[PDB]
Structure formats: structure tokens, C-alpha cells
Amino acid sequence: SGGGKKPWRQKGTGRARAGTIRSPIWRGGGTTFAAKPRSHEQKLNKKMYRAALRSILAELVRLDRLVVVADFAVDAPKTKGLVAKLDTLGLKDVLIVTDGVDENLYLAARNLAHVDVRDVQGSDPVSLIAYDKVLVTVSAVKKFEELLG
Amino acid sequence: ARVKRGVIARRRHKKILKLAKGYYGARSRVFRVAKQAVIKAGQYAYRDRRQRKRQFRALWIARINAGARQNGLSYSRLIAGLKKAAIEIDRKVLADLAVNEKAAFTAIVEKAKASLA
RNA sequence: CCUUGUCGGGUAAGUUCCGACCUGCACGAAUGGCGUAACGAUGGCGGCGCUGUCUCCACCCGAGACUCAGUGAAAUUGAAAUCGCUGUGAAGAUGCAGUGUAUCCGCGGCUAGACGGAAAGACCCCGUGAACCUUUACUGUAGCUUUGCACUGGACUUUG
RNA sequence: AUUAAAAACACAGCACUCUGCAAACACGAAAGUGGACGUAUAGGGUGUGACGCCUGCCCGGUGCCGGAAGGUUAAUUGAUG
RNA sequence: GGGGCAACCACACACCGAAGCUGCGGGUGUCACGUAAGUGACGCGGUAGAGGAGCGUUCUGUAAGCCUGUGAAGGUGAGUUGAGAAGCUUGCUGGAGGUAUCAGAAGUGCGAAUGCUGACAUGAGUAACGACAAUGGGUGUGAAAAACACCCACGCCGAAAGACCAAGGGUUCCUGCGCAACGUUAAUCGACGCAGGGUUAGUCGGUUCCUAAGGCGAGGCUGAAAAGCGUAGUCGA
RNA sequence: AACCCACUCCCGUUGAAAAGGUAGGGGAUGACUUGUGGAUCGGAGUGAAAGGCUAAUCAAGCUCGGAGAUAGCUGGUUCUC
RNA sequence: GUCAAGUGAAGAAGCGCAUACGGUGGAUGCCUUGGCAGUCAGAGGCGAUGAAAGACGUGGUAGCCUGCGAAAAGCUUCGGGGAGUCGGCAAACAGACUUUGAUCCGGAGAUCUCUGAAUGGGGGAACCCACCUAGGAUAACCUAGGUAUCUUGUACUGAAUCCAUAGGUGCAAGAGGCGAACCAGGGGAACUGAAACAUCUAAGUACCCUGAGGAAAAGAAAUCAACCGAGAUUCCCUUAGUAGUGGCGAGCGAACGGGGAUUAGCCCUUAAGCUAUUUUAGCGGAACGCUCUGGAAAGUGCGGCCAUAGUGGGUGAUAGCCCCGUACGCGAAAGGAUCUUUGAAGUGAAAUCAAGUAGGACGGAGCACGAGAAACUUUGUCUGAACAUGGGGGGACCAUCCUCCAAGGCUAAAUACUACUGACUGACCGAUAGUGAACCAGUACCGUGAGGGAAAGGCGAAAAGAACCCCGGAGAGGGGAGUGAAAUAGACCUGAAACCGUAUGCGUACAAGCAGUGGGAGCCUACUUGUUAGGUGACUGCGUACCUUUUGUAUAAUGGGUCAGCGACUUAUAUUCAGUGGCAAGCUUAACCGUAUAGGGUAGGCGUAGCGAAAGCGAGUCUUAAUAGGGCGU
């Protein structure tokens, strides 16, 4: 705001040469390389995204962090019903990977502390390396052959 | 992420003003003078590690020279006397025997005279 | 210009002044030429009266300067434990080399030095710098002016 | 105005020249206003500067005024090839 | 260079003298070795500049983890460890937040720009205290009188240093209560703080009536648009 | 003499004062001085002409935009090995 | 018990160094009522029924903010709820209603002083002087309305002039002003680039006027393509930085063709016209107990429960279960808006057509296109056709083919913007940052004005904000005492550096200089008592600060009074080379769709083959009479 006249004449005053009150050397004058908003986005590839997804899905098997089940189906949208069903497999803090994400299963675990439910195309390369144990079904192991081959 | 540099500037100032204590007046308390007197007092401490070796060698020589005239030689004919023979003794431990162990020094000097140099 | 040209006057002595000579480097007639009474806070010389202007200063009266109580600035400043002399040295030394002198700390005076303080030197040069002025520099333009076509007609005539 | 009060600028007086009124001239995109509710004994411009005695020769250069005979010379026409 | 006599020529040995060389102890680049460092095997003053390898700060992930009222971040000492940037453990102050590890994202590190904004110094308890119209006693009040009030006596203006209208200012006028700040000193005093009070018009100045220069101007002409000029008119002492 | 102006000397220059003061000077019935109110403005006014004045600024004001004008030129550029 | 000679410890006016406490000062740390930029929705205007902006006035006392307007922190009604209340910077008086209409929130109305387009005439904005009409009122007034100019219309009226126009009155309807950006037109610079500068760039950009809308403009072929065809406009991605244009300089730069978003076309202002949901207020809203330390438990322990609501806020320290909230439904007396029926009228479904017109000649503009072989659109001056058996286009020009009906109109959607709202979100700020402004900020102040424009946060969990005593001027300030977890938390969290002091130790009054470094006597205080360590440093050898400019600076060359805060190689889009990765004679998509970081989308680009100015020919091709040589390529 403001700052458009020379305060004190070029030569003859005794103070150093200044031309604007609103300058980076001065008091509240202005940042000299100011940042306006801008995007942050790499572009990896289509093929390169899949080879990373196919490589974390190998060491997930070699470290026994992967539990394949026949079918995972809750019945009523109630959170204390799903807590008991994860007690059968012996698991807590689970990423649940399935393709039939149902409104019984999605309304549950929106309040569980460490349990997250996703689709097989919503699975990103962070959550497969976080969420210490992953729980896939026998439908989701098929669809990785349609996606990744 | 604005970083404000007011806390890691201070640690580097106190590290200078610790090495520069004991100095006169304004060289030990304000920083734009105490930085010059820390660099300058490091150059002198580099030169004087070499000059330490020259100020004792010139002190050992002038003590052998005084002690060996009282027996009947110079310094320079004594060193040729010991190296006609093979005695192989530093200046540091001759100038100990000149002051403290005076009777062992005289038993050295007579052997340089027997070496006849 | 050469030049304090040469000649006379005024002073004990006159590069200025007054009067003439004319050999005008480079006077000259409405960018006027030569005279001229009265007027100039106008330029230059000479004289009477008068005087601390001066030989050469002496003394007295007030307001500051000096001491005591109250209040209390400013420019300046890399840091100081801040002497002289003869050398050296980016070429004129409180600080280097040699050698003489000096017990520690104030107050009143004086200005030789600290290339003393104030001002990015104005003189001088540069910058394919800036301004504003000039003309017969170049390219244009306001304005003024010539001739076509409009607004714009008939009646006779000379003449292609 | 705040380092220059003059020998500078003014001036009464003198001459030259342009202007016949809807004037020359100036300010205005233009309407219009000054000139001037004046009318060549007036109004603009340029130089010299009361008074006295006077103001010499040169029309090649440049400018203005006068003259048209002849030369070149603009758009406009458009024969001919 | 000085004291002083360490002078010149030929000549001989001896000593002295650098960060040079050698000895001993560490470190590192290079190339090989003996596996390119299991280990060898040969080099290192440096500006402009080119190449290699690291520390720290703030925010995000890992972080509903881990540490902390038995005491966090900070501030302040002391010890100790690395070639270095720096790290680590503790004494006191402090009173609620902090971030192993490894990766990202950078407003990412100041002594200097006659740099910018607050604080404090030297000059220095130094110059000055605003016309060379002079004050001297007394009595009073008060915590305290050169400066306040009254008294007595001296001085100074008197075509102003006196009275009054116009501007302009805006409660400075008057009385109780006060004296931290202000006033170039002190103040009990004040044009200074807090609380009250205080301006009376037919005739004096305004408004109302009329106009000068000048302004605005219906209709009207002129102008790309804004707008310009101007008749009736109505404002302007 | 009031009044308007600024010729000389000294003092002042961190002044009492961003142009005064104390002594002396020039005009003082007019080409005078002055109070109130109006008119003329930025390549534009005014000017007895000095490039003078137009709000302590003038060989073309002041302010906000073009605009973070352009600078082969000065100054500065921050932790280790 | 004597002289002479030699030797020299004390003693500090004041200073130096180290430590220990203080004072000044306000940094660092932690914290926020304030900002900042986005995402997704709204709604895009207010005003002659008197606006945006203000002056003055209003409270039981007194200034200022916030509300209101002589009916003045309010009045009347409907609706919601529900026990305290009298706005904020802040005390003692006085009182109103309880269980409902008191505060308090939303809808509708009534009042609405004077200024301001300001509009009855004037003015120095918040002032003065008035009329007219109908009523009321006492030599003095009060109610209630009216009274501006311009447009259009509409009556009445009637000059020179016989008629009848100008002109003049009366009425009706409309407009005027303000607002950040957006859009279309009118007018339109310069600096700067070109290492100077006149063409050209900058640039039809800044600015200045005039219109209108919630968007505008533009639009339904006298259009483009080549003998194949495509059928309105607007916007994004490619063609392509390519053809062109250019003192052929700096530079400026298309189209054809592809891919997407969106999916309507109709015709006469003028032959003869039509132009059913959401929204402003609310309400319900689940689940915890003992035990330690502490001033105070949410923390240590030990168990249980909730869940379509577990990373919210705040409660005396770290809370899913203490408090307010968080996922779904109900709505709503009454208004508003949006889709509908609907009413009129405009929104407007809804008929031709085209004369000073096309073309032409000088002079200019716009086309990417700077008279250039210059087509085409424009219009300032001057001219001028055929009648859809005609016409005009296909980049000088001409014949042949193709393709469209000019001189009259109307149109949604994709699109641009934010002064104003509301939710939300942050690898955004954390009082020298973030708005100029967290604080009574466009204020104080500086200006004749336009205009410029600051500095200013924090006691505690809670005022429990210090009764009482002693010194003092009856004060200021202290010393106690009390509150508190803590007053060195006392009107204020922490509390650093420069600067100034007061104590304690050791050294300095015959000694010359960047004030340090190497050796080193002595003294001191501690520890086992001395290398156990720390503090002073007599004496003595070597020693002319730091930065910048430069062939060189101790330089008498530059700069710096010291401290604490801030203060300088960044971003975006294109492209080249290296490092490390994916697929590989092939690699990869941009817009845009999408349950949206996935998937689709291969248009386009780079490559797999060159030589030539070009046609062209191809592992070869160009030059040439070349098959010879030679250039480039495999």
C-alpha cells in the first residue's frame, strides 16, 4: 500500500540513496521474491505407476503382511459387529482391500480408530506400505491380473 | 515456512565471545571487534609453534657455551670434540647437565679434550 | 597587442588622472556620430577641514568568558596502553627500523598536525547519458497560400 | 523575494512599415470575445532614446515589393504502343 | 642499523643458520596391491573459477507413536566428544509443551550495502538558559520563598510596553480543589490538570431590500464524448 | 516624521531569526503605498526583461498513474571440509 | 651496644581482568479476538415510495464506540423458546416477569428531524426566505398536501399573417445518482527494445469518456473446401512458432485439417406484424469408575462401555464417555427466490423482400499482411448498376467448373468477473510477520489543497487488585503484614545483548606503539592438598586491524558509533546436455470425461532413411554432356 515518491532527494542530504518507502531493505516494505500460488504435480507414467504397484505387492507377500480370505461380509451397519469379526482373524489396524464396498461395510469403520476400507482402484502406493497388515479377498486377487497383469 | 534466525545466530555469537575473554576493554565484549581479535590470536598461535622451537634451541646453546668456557673450551670446539668421537647427545640434555649435574658435565668435557678437537 | 608609446601639468618621487600627438593590430555616423546646463546611495583622480585610520597603543565603563548552586544540547566516533628525530614505504608515519628523551592525573590559553568536521567535486575527462536553446543539420508538421471536384444557376458573347 | 541596484530595463521625443472596418493582429477544434461601442491627427509591429549641430557612399549576397514575355512545374485527363 | 674498532687481500678448518631434508607420531587424494583400501602400493601452497562430500534451522510424512508437571520450550553456567560445520550429559531460572530415526518441502544460515526500525553510549555534567526598561527590604502563607500575595521605596514605556473596532482563534475568561507531567531553574503561582459557573438587543453589527467587478445560467447557438460561450433571469460588498 | 524600500560597516552563521538586529541611508501628492473581493496556469501563464516569479520547490511546478522506466556504471552478496 | 656501604616489603588519587549479585532495556520462547489465498455454493445490484455517504440528537448520572430518529439502545403484530434482564470501553442507584411473548433470535408493518441526484428559489452541505390549496387558530399562527428541468404523449391555447405552424399553459408516464471487477463502442500516449535512431516495436497497452447486462457481444451461409465434401456462433487442446509478413532488421505471426465442451433455430419494431421446490429460527442427539502424585487430574494405575457421530472446540495440566457440539429428520404464522399452470403484456414461438445499394476513382483504416503481382471487408470526398433467364465468391488477371442469395429483423447453452455473502480447507502468517490497521486506523500527525500516512498485543485457575501498622508534604516511594501453587506473578508470562553500577580477589605512580601470542616469577581460593584445577600476569622474544577496489595499501584511498531484530540467484512456460529409472523398432498422450491422485482419451509429437533450391528419385542421390570424378548418406 503506497510508496511512490522519493523521500529525500538524490544528493545533498547525508542519508543513503533511497527511492521508495516500500522496499525489501526497509521496514514493512515487501518480500523480494514473493510466492504466488502454483501447482505441485509429477506425471510419472502409466506403465511406471504399475511397476511400482507390482513391486510393493511382491515384498508384501515375502514379509507375510498379506492375509487373503474367502469373503469379508458384514451384515448390519453397526461398528461393534465389525470389531468382533476382525477378532476372528486376529487383526487390528487393517487396510481392507475389496471390490464390493457396500454400504453395510462403508458405514462401519468410519469411526474405527485404525481400520480403513477401500476399493481396489482406490488403493494407492502409500496405504499399501502404511497400514501394517493388508486384508484382501479372493475377488481382489483376480482383478490385479486385469489391472497389472 | 518462514524461518526466523534469532536463536541460531545467538549460539554462534556466544561461541566467539567465550574464546575472546580476558581481553582489554572493547575487544572482549562487543562482537564486531572481538571477531578480529580471535582470528589474529589464532595466526599468532600458529606462527609461535615454530618459533617456540627456535627460542629454546638458542637457549640451550648459550648455556653450553657458558658452562664449557669455565672448563677450558668454546662451544664450537666442543661440538667438534664430541663428533670426532661418537657421543650423540642432544642440546636439551647437555643444558640440563650444565646446571644440575655439573660433575658429569666435566667428565664429558675432558673426553672432548682427549678427542683433541 | 607591442606599452609604464612619446610630450607637457600636478607630487620630494605618479604603471592611475588631466591636456595634446596620431604611427586607428581592432573608432565611425539612427546595433546612431560628436557636444551638453541640471540631476545620480554611479566609475576614476586632486585639495581644505578633520580625526586612535596610523607611528604605538595606554586607561576607564557595561554585557559575556572564569568560580558556586539548578537544568542540561550538538556535529563527530574501526579500536586504543594516542612522544621527538633520521631513514624506509602506493612515493609527506603517534603505531615499521635504528636511536634519543618522559613519574601518574587535571584546569585556563593558543591553533602547528591528526592529508581536522560538513557536502558520493562544480574545474577536467568519460557515458553509442538528460535537459533546454540556435540555425542554412535531417525528417516532418501548425498556420498561410495556388489550383481541381462538391455546395452551384441562365442570358448573350469571343475562342479551341 | 534570500551574495549583483548598475553604465542594465523604462521613458518623453524620432523614423520606418503594415491596417478602409465583418480591419491588420491575438486567444480560441468551433461559436464567439479583445481590439473598440474606437474609424488612418486612429490602431498593431520593429529599431533609436530629452536638447543642440548632423546622419556619407554600396542594390552584388539574403529578404520584401513590382512585372509578365519566355522557360521548367502538382494532382486531374489517358491519345498511342 | 647503533656502541665501538672487530677494515682489505690470499687461505684453512670448525660452528651457527628456514615452515628446506631426516627422525618419530597422526590424516587424507591417487593408483595398484595382497581381493581396486583385507592391505598395500606414491602425493597435498593457492585468487578467478570447475569438480566431490557434509552440518544445522523451520514445516510435512513415519505421529492417536515416543518423551514431560518427579517438570517441556527457552535463558544461563560447567564438563566432555569429533578434521570442521556441530553434537552430548548435567547445576540453577523457567512453568507447558517437545520430536529417535529416515525421507520430502524450502521466505534455509549476515559484520560491512554513507542498509532499515527500536535501545543505549562518546562528545559532556561541557556550551547555552532568548535583547544590557535595574531592583532592595518587610509581612504573610507553606513540608519547603530570589520568582507567590500585600506593604513601603526605587526604576521603565506614555503617537505605546495604554485603550478600542475588523479579521483570525475557539473557552485560553471567573471561582473552589490540586503541583506527577509543562514552564528552558524552584514553585504554595499559572494561558497547566479535575469540578462548577459565565455571554440577555425594534435602534450596535448580521440576516431581510438594491447593486460593482465577477460567477452560474433556462431556452439558444457550438462541439468526437466530456463540454465551451451566452440572452431572460438570480446570486455576489 | 508615520509609511513603503534595502546603499554601507560591524555583530550573528549549532543564529533570538531556513535572510534579522543596532547605527547610519533613498522616496515621501504620486509612473504613489495599501485593506477587502475577484480574473489569468504547466511547453501554460504573467513579466519597466533578471530566465525573474507561479505556496520556504522553477532553462518549464506539485501529486497520483504508465512503472519493480533504463543504467556496458558504483556499493553489497550470509554455514564447513 | 656505635657509623659506613649494599639491598628494597608494605602504601592506589584512581584505573585493568575474572567472578558474584543487581538496574536499564525489550529480544528469544510459547500463545492468539486478526489477516492471507483457495475449493464448493449462493446473488449479481441500490435510488424520486428519496439511495451510497454523513451532520446533529437520543441512556437515571459522564466522554467515546454500537444501535436508532422528536413515536429516538425503541412501538405494534404474527412465529421460534424459556428464567433471568437493563448494548460495548466500566460502579453504585432505581425497578420490570416466572414458569411464559420479559430480555433474546427470524418475518411483516408504523414513525423516519436537517444535509446529500436533492428536485419550491437561493446558498459557504448539515443554513436562510417562501408561496398555493383545503381546512383550523385572538392584531403573532398551525395542520394537511402540493410547487425542479428534460423527454415522450395529451388536452386547451394561438405570433408577425388570411388561414396555421412556431410559441405558451394544463395533465399522464418515464429518466437523472451511486457501486470493486467483468463486456461492447468513442478518443488514444510515452519511456523502453532495435546495444545510436527517424520506418517498426512498446501497443490499440496505460489512462480518459459513453452505454448496457447479470453476463455481454457474436450467430442460422451472397460461408469453407476441390471435383471429394463439410453446414450457425462462442470456448479449451493441437496443427505451428510452420506458410507468410518484416530498415527481410528487432520482431510480429495465420489458416486448412483433426480432438473436445455445449445441442434449438427461426423470421418482419419495418411492403402487410406476433417484436412445483428451496430459503431466511430452531429442536432431539449415544457412552466412566475407583487409585496415586499435585494448588488443581483430562495424566500414573486398574477395569468397563458407546459408535451411521474417534484427531473438533474448553473445562484450574494431556478427556470418544464433564460441558457445548458432531450423523438424520421435522420444517415455517409469514415473506423471498427458483421450476411449474396463469393472468395480461413484453420472454415471443411467429411472412415476403431490399437503390443512391453492389461496383468504380483518389485518401485512410481493419485483415498475421510496413504498395507490395495485392484478393477481401470497411467508409471521409466524388460517382454509379443486372432484376434472383440475374447476381458474388474460389488471394493480381482471364476463360471453364464448383458453391452460395447481399442491401430487414429475432434468439437459450457451453463463457468472463467478485465490492458482497455463507460453509470449508491449508507442508499459509504468528505481532519489525500477516491487511496501511489483532490495540477506538485511514485515526494521530504533515500539507492552502489533490494527497501522504504512523506507532501502539500477554497479571492469575479466579480480582482473591494488597484490611491493618511504621517513615513521608496531609504525598510520591518504601518496610512489614495478609491473598495466592508462586508477588524477583503487584497492576505486571519468560526476561537476553550493548550501557551503567556495588562488593570480593590479583596486577599497576622511571615507563614508549593494532594491546595479542611463546616462555614465565609470584600471589590467591579451592581439591588430599602442589603438575591434583581455577583466577590474575611483574619480566621478556616475535608482532604496522578487517572489508572493497586494484599492477601495489599499515596506508594520509573507500566504508563502518556499538547492540538486538529483519536484509539479496526465485518462479512459470518452452528446450539442450549429464546422473539415475520405465517400457523398447517402438515410446508417450494434451484438453476433456470419470464413484475424481485410479481408469479412459493415441488427435498430435519424437523416432525407424537419405540426397536435392525444387519437381522428383530412393540405400543411394545431387552437379554434370556424365555412366568419369567429387559432396552428403548408409
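Backbone-built Cβ (ideal geometry, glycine too); neighbour counts: all protein chains shown. Just so you know, all these numbers are worked out from the coordinates, no wet-lab data involved.
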Inset, instruction - Scan the stretch A:5-15 and give yes if some residue there is within 16 Å of RNA strand C (Cβ to nearest atom) and either of a type in the set (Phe, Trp, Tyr) or within 26 Å of A:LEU128 (Cα to Cα) (or both), otherwise no. - result: yes
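Each row is one residue, and each column tells you yes or no for (1) within 11 Å of RNA strand G (Cβ to nearest atom); (2) over 30 Å from A:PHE144 (Cβ atoms).
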position: A:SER39; (1), (2): yes, yes
position: A:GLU59; (1), (2): no, no
position: A:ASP71; (1), (2): no, no
position: A:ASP75; (1), (2): no, no
position: A:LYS92; (1), (2): no, no
position: A:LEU95; (1), (2): no, no
position: A:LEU112; (1), (2): yes, no
Inset, instruction - Give the residues of the stretch B:84-102 that are in a helix (DSSP H, G or I) and in contact with a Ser or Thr (Cβ under 8 Å, 6 or more places away or on another chain), sorted by residue number. - result: B:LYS84
Inset, instruction - From the list A:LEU57, A:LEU44, pick out the single residue that is more than 14 Å from chain B (Cβ to nearest Cβ), under 19 Å from the mean Cα position of the chain (by Cα) and touching a residue at least 24 places away in the same chain (Cβ under 8 Å). - result: A:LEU57
Inset, instruction - Looking at (1) surrounded by 12 or more Cβ atoms within 10 Å (Cβ to Cβ); (2) hydrophobic (A, V, I, L, M, F, W, C); (3) without any contact (Cβ under 8 Å) to a residue 60 or more places away in the chain; (4) not in a loop (DSSP other than H, G, I, E, B), find the lone condition where A:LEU91 falls short. - result: (4)
Inset, instruction - Working only within the stretch A:103-149, note down all residues that are in contact (Cβ under 8 Å) with a residue 40 or more places away in the chain, under 26 Å from A:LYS47 (Cα atoms) and in a strand (DSSP E or B). - result: A:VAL134, A:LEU135, A:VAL136, A:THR137
Legend entry - B:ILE87 vs. criteria over 30 Å from B:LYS18 (Cβ atoms) and either β-branched (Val, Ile, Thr) or within 16 Å of RNA strand C (Cβ to nearest atom) (or both): yes
Legend entry - Evaluation of A:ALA34 against (1) within 14 Å of chain B (Cβ to nearest Cβ); (2) surrounded by 12 or more Cβ atoms within 10 Å (Cβ to Cβ) (one fails), failing number: (2)
